[PDB]
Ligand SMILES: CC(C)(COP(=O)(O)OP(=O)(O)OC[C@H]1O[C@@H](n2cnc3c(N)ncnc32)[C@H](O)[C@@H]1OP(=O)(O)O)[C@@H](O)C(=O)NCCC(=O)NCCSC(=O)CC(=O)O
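In structure tokens, one chain follows: the form solved without malonyl-coenzyme A.
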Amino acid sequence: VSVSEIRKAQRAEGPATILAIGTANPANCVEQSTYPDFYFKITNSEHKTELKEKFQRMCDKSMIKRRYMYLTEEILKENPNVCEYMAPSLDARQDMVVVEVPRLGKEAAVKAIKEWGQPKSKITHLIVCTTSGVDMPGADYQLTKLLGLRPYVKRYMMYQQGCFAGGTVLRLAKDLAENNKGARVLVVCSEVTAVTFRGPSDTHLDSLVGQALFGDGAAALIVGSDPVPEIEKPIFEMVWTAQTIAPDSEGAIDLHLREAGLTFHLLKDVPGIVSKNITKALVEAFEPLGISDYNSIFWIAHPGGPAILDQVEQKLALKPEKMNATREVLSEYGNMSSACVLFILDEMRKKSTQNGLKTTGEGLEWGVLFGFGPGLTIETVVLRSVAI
């Protein structure tokens, strides 16, 4: 047997391409304007006047209009340990998210498969990504079951990943599609805040900020190299990826899975660290392509908070329109952790097509997608649009 023959016959030829995007969110919609009143009443903290004022300002500055949440008032009233700031509550939280993560991801995945138009039996790889809960067999096994994928689908279960992982799953699917002839990767990010929700405490305002920002959602992609012309429909192409850890950012964002659920901590200035290091990330990606005008590429940035977006825009002098798709997803859905950046790609390509632009990346050729999260980690994906 010749391994070099086997190897040339095994691998794909072209760039890993996004061929379909589908999204889903819990039915329960939570208005941001009145969230403070609702959250202080459900967590029994109505008597903390200075603290609720603090949360009202947080919610007012978030630039989030609404979020979708698996957690309802009814569910929360049955779980006082989840409504406390710190009470043993992981078993109850796990019981919710071990079921909700695959459920919600299945909705998003069905949508993406329908868009793609090809038999689910041609799905050869599955990436499932979440930051809410873990189990064995994982959510990857659950989604194989729920979707009726072939039992020999090759699975990649990405657990406890964090806000920066929409970039990581793309980085992964790129190598899976490109190195394997005929491979079609289903990619699912599904994030539920039932593991992080907790009551307010005036000595942990970083935990509280989280309660203003994180929302639920799943996004699914079909990724593959060598699309069949006129049968499959390219949306975006991946060209180059990177992951780095920003200097001076030790302990900026930490989340620990405990008996009281997933705690959320912010010890450094995230917006300032991201803004200070985004240029270096851009030159590593775009210098080899000869591009240095960052207003000439389309943008996708994980909206960890609005201040990240503002401080990046200001550092680079981005025109205000560059972050439009990013800010629309933040407005309608809040920070959905790893899924957010995938919703943004959907928003951008949908708006570009609806508005008659020349490419799926706002009429521009090249673009960038950034994931930001614990480490402080920056994930970079270089994208090329598709004509029409």
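Throughout, we count residues from 1 along the sequence that is shown.
Participant: Would you mind comparing 198 to 206 and 278 to 286 for me and telling me which has the higher average C-alpha temperature factor in the entry?
Facilitator: According to the PDB entry, the answer is 198 to 206.
Participant: Where do the C-alpha atoms have the higher mean temperature factor in this entry, in 297 to 305 or in 246 to 254?
Facilitator: Between 297 to 305 and 246 to 254, it is 246 to 254.
Participant: Per the entry, which of 168, 241, 79, 131 tops the list for Cα B factor?
Facilitator: By C-alpha B-factor in the record, 79 ranks first.
Participant: Can you tell me which of 174, 184, 93, 315 has the maximum CA B-factor listed in the PDB entry?
Facilitator: Most elevated C-alpha B-factor of the set, per the entry: 315.
Participant: Ranked by Cα temperature factor within the chain, is residue 125 in the lowest third, the middle third or the highest third?
Facilitator: For residue 125, whose C-alpha B-factor we compare with every modelled residue in the chain, the answer is the lowest third.
Participant: By its CA B factor, does residue 226 count among the lowest, middle or highest third of the modelled residues in the chain?
Facilitator: It falls in the middle third of the chain.
Participant: Taking the chain's C-alpha temperature factors as the reference, tell me which third residue 343 falls into: lowest, middle or highest.
Facilitator: Its C-alpha B-factor, which the entry lists for residue 343, ranks in the lowest third among residues of this chain.
Participant: Among all modelled residues of this chain, ranked by Cα B factor, put residue 263 in the bottom, middle or top third, i.e. lowest, middle or highest.
Facilitator: For residue 263, whose C-alpha B-factor we compare with every modelled residue in the chain, the answer is the middle third.
Participant: How does the C-alpha B factor of residue 110 compare with the rest of the chain: lowest, middle or highest third?
Facilitator: Middle third.
What follows is about the form deposited with malonyl-coenzyme A bound, which we do not show.
Participant: Identify whether malonyl-coenzyme A in the deposited complex is within 4.5 Å of every residue in the set 128, 174 and 343, based on non-hydrogen atoms.
Facilitator: Verified in the deposited complex; spot residues all out of contact, no.
Participant: Which among 41 to 49, 358 to 366, 56 to 64, 318 to 326 is in contact with malonyl-coenzyme A in the deposited complex, heavy atoms within 4.5 angstroms?
Facilitator: Selected stretch: 56 to 64.
Participant: Report yes if any heavy atom of residue 266 sits within 4.5 Å of a heavy atom of malonyl-coenzyme A in the deposited complex; otherwise report no.
Facilitator: Residue-level check for residue 266: yes, a contact with malonyl-coenzyme A.
Participant: Could you confirm whether residue 307 comes within 4.5 Å of malonyl-coenzyme A in the deposited complex, counting heavy atoms only?
Facilitator: Yes, contact at 4.5 Å.
Participant: So in the deposited complex, does residue 299 come within 4.5 Å of malonyl-coenzyme A, heavy atom to heavy atom?
Facilitator: Residue 299: no contact with malonyl-coenzyme A in the deposited complex.
Participant: Indicate whether residue 169 is a 4.5 Å heavy atom neighbour of malonyl-coenzyme A in the deposited complex.
Facilitator: Taking the distances in the deposited complex, the answer for residue 169 is no, it never comes within 4.5 Å of malonyl-coenzyme A.
Participant: Please pick, from 76, 153, 253, 96, the one residue with any non-hydrogen atom lying within 4.5 angstroms of malonyl-coenzyme A in the deposited complex.
Facilitator: Partner contact (heavy atom, 4.5 Å) among the options: 253.
Participant: Which residue, 92, 87, 209, 110, is the contact with malonyl-coenzyme A in the deposited complex, using a 4.5 Å heavy atom cutoff?
Facilitator: Of the candidates 92, 87, 209, 110, 209 is the one lying within 4.5 Å of malonyl-coenzyme A in the deposited complex.
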